[PDB]
């Protein structure tokens, strides 16, 4: 009851069942950006 | 990653050449 509001939002987020989706999406974004760098490298070397 | 790899062995195979001199 005396726990402040941030973990209240986390609690209701877990009740929604989407407590998975955050760590999934920021797990995805890092791999997304590094593959952006890889594919950009592919494009300059493709020109080569 | 595998397509990046494919591009890597592409990089090796394009650089070869034959000079009898």
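Structural remarks
- Calculated on the alpha-carbon coordinates, the convex hull of the protein assembly as shown measures out at 114 cubic angstrom per residue.
- Gain in span if fully extended, residue A:44 to residue A:30, counting 0.36 nm per residue against the direct Cα distance: 2.9 nm
No value in this document is a laboratory result; all are computed from the given coordinates.
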